[PDB]
Structures are given as C-alpha cells and as structure tokens.
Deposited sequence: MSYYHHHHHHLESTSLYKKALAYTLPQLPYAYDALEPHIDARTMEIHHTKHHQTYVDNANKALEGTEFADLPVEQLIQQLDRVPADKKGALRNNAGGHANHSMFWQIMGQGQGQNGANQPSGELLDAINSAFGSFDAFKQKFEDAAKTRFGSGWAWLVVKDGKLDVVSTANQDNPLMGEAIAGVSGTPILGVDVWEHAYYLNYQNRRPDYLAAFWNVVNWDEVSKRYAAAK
C-alpha cells in the first residue's frame, strides 16, 4: 500500500538526444526520481497523508508531523517536480507555444523571446541546486526559482515563492553534468528544443 510509484516516461531514454543524453535520462529517472519516491513513501507510512496526490501533499507540509516535514518537503517535492519534468519534455518538438498560452506569455513578459530570457536568467542565477519555473499566480504568468526540491506549490513561507507551475527546468547538476559539465547555459539553450508546449498549454488551461 505504498503512496507513490515511479511514473513511466512518455518517450524512450534516447528520445531527447542530443539535447539531453540517454544515460542522463535513465539515471535521472531510475536512480534520482526513484530515490525521491522511495524516501517519500517511507516518510508517509505512519501518517494520514499517504492517500493524497503528491501535488496536494506538498501544499500541506505545515500540517504533517513535525519530524516528517523536512523529508516530505525534499522527497515529495522531488517526486512532484520530476513527475512534471518528464511530461513537459518531448521529442520532435523553432519550438514555441501558440494560442492562449502564447497570449498570456506576450502579456506577462512582452514576447516568447523575452520570456525565454527571463526563464534562462532565473535558472542561471539559481545558485546551487534548484529549479526555475513558469507559474500561474492570480491568473497571471510569472518566472520564479526555488532551491533544491522546493516547488512554488509549497507556498512563499517554505519555498520563497508561490504559484502553480506549468513548466520547470531542473538545474541540479545531475540534470546536465554528463552532457554539459559546468556549461549550464548550454543546457538551458538545449532545453528549449525539448519542451512539449502542447503539454504546457494543457497545464495552463488546468491552472486557469
């Protein structure tokens, strides 16, 4: 009766090549994400929180037992973040959104190109491990970043920022070191080639 399972990827391990290497995809998924799933399930065992979806759980960290707060923040956080991450990438995806998402990007950031710059800048200036995010907050889009496995859905007091993510990029060095080593900006440039903007559009619609 374990709470979470490792999701299947929506594509093969080499589907994102050369932008993201196959070996990275496999380790990232089968070692790193799996560890977050396993440690989250351990932390949830003696609780009333094992039946909640992970995205609801991370919105309730203040309510869980005090001794399990850190472990769930880190591991439920890791699980939520990676689960989204696999889904917002895809193969055979210049790659950009359309329709209402693009309209929201133009009004929030000026243009898709200016949005990409702001997103990259957030991801670049994230010192240490973390994520950069495109969030819906008060019906409007913004770019924020978080430390480690914090997610904007955890709220401002915990994560330092708020909002409902519809896109994120993992800037933990494990996400890019085998292919780009220290060159995080090259990783980030490459990332735009794999974003599934149909998926991000669905998430935008879901988040308002």
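Trainee: Show which contiguous pieces of the deposited sequence have no C-alpha coordinates, counting from residue 1.
Mentor: Deposited residues absent from the model fall in 1-19, 113-116.
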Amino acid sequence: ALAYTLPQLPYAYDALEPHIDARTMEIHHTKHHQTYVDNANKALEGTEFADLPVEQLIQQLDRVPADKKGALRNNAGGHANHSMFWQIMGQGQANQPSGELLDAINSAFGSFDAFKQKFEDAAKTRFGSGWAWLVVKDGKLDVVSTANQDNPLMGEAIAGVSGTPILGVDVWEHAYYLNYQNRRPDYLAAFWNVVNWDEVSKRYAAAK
From here on, numbers count along this sequence of modelled residues.
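Trainee: Thinking of the other compared PDB entries, is residue 93 one of those residues unmodelled in at least a third of them?
Mentor: Across the compared entries, residue 93 is left out in at least a third.
Trainee: Read off the CA B-factors in the entry, average them over 10-18 and over 185-193, and name the higher stretch.
Mentor: The recorded data point to 10-18.
Trainee: Out of 94-102 and 70-78, which one has CA B-factors that are higher on average in the deposited record?
Mentor: So the stretch with the higher mean C-alpha B-factor is 94-102.
Trainee: Highest Cα temperature factor in the entry, among the options 173, 45, 150, 26: which one is it?
Mentor: Reading the PDB entry, the winner on C-alpha B-factor is 45.
Trainee: Based on what the PDB entry reports, which of 30, 56, 146, 39 has the top C-alpha B-factor?
Mentor: So the option with the highest C-alpha B-factor is 56.
Trainee: Would you mind ranking residue 167 by its C-alpha B-factor against the rest of the chain and naming the third, lowest, middle or highest?
Mentor: Its C-alpha B-factor belongs to the lowest third of this chain's values.
Trainee: Sorting the chain's CA B-factors, does residue 60 end up in the lowest, middle or highest third?
Mentor: Residue 60: CA B-factor falls in the highest third of its chain.
Trainee: Residue 178's Cα B-factor: lowest, middle or highest third of the chain?
Mentor: Tercile = lowest for this residue's CA B-factor.
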